[PDB]
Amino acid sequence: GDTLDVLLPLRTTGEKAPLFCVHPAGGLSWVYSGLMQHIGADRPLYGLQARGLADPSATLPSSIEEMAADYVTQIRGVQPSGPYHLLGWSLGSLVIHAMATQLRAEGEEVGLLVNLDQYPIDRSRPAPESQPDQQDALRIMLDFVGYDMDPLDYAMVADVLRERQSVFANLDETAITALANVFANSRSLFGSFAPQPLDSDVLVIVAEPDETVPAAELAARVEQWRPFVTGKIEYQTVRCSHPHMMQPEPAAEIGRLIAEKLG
């Protein structure tokens, strides 16, 4: 049906400007359903998922700029003007940056931008730790259905998803392979994205499970975005690993922080 469509309507009712959330490298935005309980219950929530999932024969975007233009089209279809509130995680963070710059060049107003623990890429020497990991994409998918974490493979995750959530019943080997395809493409887009300066404030959520890390280190990690952000760079830390940021407690903290900044 509509489980894998590019624009994913997680909640359409609400009079305020929607929050648009862009997928991690895995391509699925069902994970941001963990936010609905905690953002204002009058805020619509839309997901943006990767081309190539609903239609495995679709031409995948070859740059983050092209992916961002596609998604800007989609979100302008839902919200004609007003402040655009974007949220990203991993690849989505890069995508929303591009979206935000494009929206600005169009004279549109950009509201809240929430970056879940993604930092700029050294294009001459891409650090593995700055890039998506396949096991992390599978962990994100397993968190989506509350799998108790205590080497993953696609078939096991698909079986948990089809068991667990009824709307993944018709998730077949075609869709599993399309997920792998989208992940590979998304990984090939990190090394070639050059973000442009953005005249807006950004909120960066830092995933730091180690509480022995000094606050200055979190702030310095966050200031890697300074060459591309001309506004305030605000940050907040959750005590979990990068893939676990939509588990119940970090999702609650992120959602409540978002609600208070949109209020």
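The first residue of the shown sequence is 1; numbering continues from there.
Missing coordinates between residue 150 and residue 151 amount to 4 to 9 residues of the deposited sequence. Legend: mean Cα B-factor per stretch from the PDB entry, 245-253 versus 8-16; the higher mean is in 8-16. Averaged over CA atoms, B-factors in the entry run higher in 121-129 than in the other of 174-182 and 121-129. Annotation for 139, 85, 97, 162: 162 ranks highest, by Cα B-factor. In the deposited coordinates, the residue among 229, 203, 45, 41 with the greatest CA B-factor is 41. Annotation for residue 92: C-alpha temperature factor in the lowest third relative to the rest of the modelled chain, per the entry. In the PDB entry, residue 31 places in the lowest third of its chain by CA B-factor.
Among the modelled residues of the chain, residue 194 sits in the highest third by CA temperature factor in this PDB entry.
In the deposited entry, the Cα temperature factor of residue 237 places it in the middle third of its chain's modelled residues. The entry lists a Cα temperature factor for residue 166 that places it in the highest third of the chain's modelled residues.
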